[PDB]
Amino acid sequence: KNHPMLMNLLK
Amino acid sequence: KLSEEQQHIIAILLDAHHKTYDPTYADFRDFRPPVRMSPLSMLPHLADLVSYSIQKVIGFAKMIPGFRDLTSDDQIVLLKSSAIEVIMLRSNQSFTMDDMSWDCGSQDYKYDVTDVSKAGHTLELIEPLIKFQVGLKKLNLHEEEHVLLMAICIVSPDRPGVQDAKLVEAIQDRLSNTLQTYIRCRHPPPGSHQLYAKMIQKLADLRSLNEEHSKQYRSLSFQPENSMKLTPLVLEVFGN
Ligand SMILES: C[C@H](CCC(=O)O)[C@H]1CC[C@H]2[C@@H]3CC[C@@H]4CC(=O)CC[C@]4(C)[C@H]3CC[C@]12C
């Protein structure tokens, strides 16, 4: 559900 | 017996942990200072601590054999739900039964029931959390078993919002099958006695702790005045 930070840390 | 793949998985999980869990706790100095006097005096410090730990659990998750084959959405979903549980699990390493506390290298960074209770969460959570720590500690897991459990904990197919659960499950089964085998060949009796069932039960205990943590969070985070003491990562992961 749009987790920019979580998304960026997992990339 | 332990195949080459299984031994490979264990080597990988052990290194991932070594790279994400600092037993010297040198970074704790970067967190907002702890305040033991309580108007949520420990929230700033523990909030930063948890936030930092979320980052470290993510780093660990990324190195789980097979985690990279999941989609971004599933990866986010698994970490969002598992973070708190994995932090509770990895904390067993600093938890000592001598004085029922998390001894993170020094007085200032040694948290007990009262410190951990000075951050907006009630004994509805803390009591069960310590009990968990004690029982997990009493399983005397090999470090090998510890990292496999955290990995298994993260890649659970029944987490809320999972999409390709079949893949999540396949990935988990590989870790789960590696664990069951490791116990049978590397953990001697009697400590090995129903060790797997005991470890899985702990995963159910974590689900319970997770559930309670959520309620405690919605509560704490109801007053914008309190959501202010938290970090951006914590708000995004737990609830903003
Ligand atoms: C200091 C402990 C970790 C030690 C380690 O990583 O070795 C961490 C792991 C479990 C954490 C607790 C998880 C539940 C909540 C989360 C919060 O917002 C801070 C207050 C609570 C009550 C936490 C306090 C700090 C603890 C006890």
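What counts, and where the lines are drawn
- Residues numbered from 1 in each chain as written, not as in the entry; some residues may be left out.
- Chains lettered and ligands numbered in written order.
- Heavy atoms only, no water.
- Residues with missing side-chain atoms left out of burial classes, pairs and counts.
- UniProt positions renumbered as here; feature names shortened; annotations may be inferred.
- Helix = DSSP H or I, 4+ residues; strand = E, 2+ residues; numbered from the N terminus.
- Expected span 1.5 Å × (residues − 1).
- Buried < 20%, exposed > 50% of the residue type's maximum accessible area, 1.4 Å probe, protein only.
- Salt bridge = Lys/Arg side-chain N within 4 Å of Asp/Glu carboxyl O.

- Structure determination for this PDB entry is given in the record as X-ray crystallography, at a resolution of 1.90 Å.

- Taking the PDB entry as the reference, chain B is identified by name as Vitamin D3 receptor belonging to Rattus norvegicus.
- The title field of the PDB entry reads "Crystal structure of complexes of vitamin D receptor ligand binding domain with lithocholic acid derivatives".
- Here is the UniProt Sequence similarities comment for chain B, exactly as written: "Belongs to the nuclear hormone receptor family. NR1 subfamily."

## Section: helix 2 (residues 43-62) of chain B
- Taking 1.5 Å per residue as the helical rise, helix 2 of chain B with its 20 residues ought to reach 28 Å, and the 28 Å between its terminal C-alpha atoms agrees with that figure.
- In terms of burial, helix 2 of chain B is largely enclosed, as 16 of its 20 residues are buried.

## Concerning the pattern of salt bridges
All names here are of chain B.
- Applying the stated criterion across every chain, the model contains 9 salt bridges over all chains.
- Among the ionic pairs, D15 bridges to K19, the shortest N-O distance being 2.8 Å. Of this pair, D15 and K19 are both found in helix 1 (residues 4-20), 4 residues apart, which corresponds to roughly one turn of the helix.
- In this structure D15 comes out as partly exposed when scored by relative accessible area, which is 34%.
- For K19, a relative accessible area of 57% corresponds to the exposed category.
- Across the pair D115 and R36 runs a salt bridge whose closest N-O atoms are separated by 2.8 Å.
- Members of the salt-bridge network, linked through shared partners, are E85, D158, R159 and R207.

## Looking at the environment of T178 of chain B
- By secondary structure assignment, the location of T178 of chain B is in helix 7 (residues 165-186).
- For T178 of chain B and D158 of chain B, which are 20 residues apart along the polypeptide, the C-alpha to C-alpha distance reads 20 Å.

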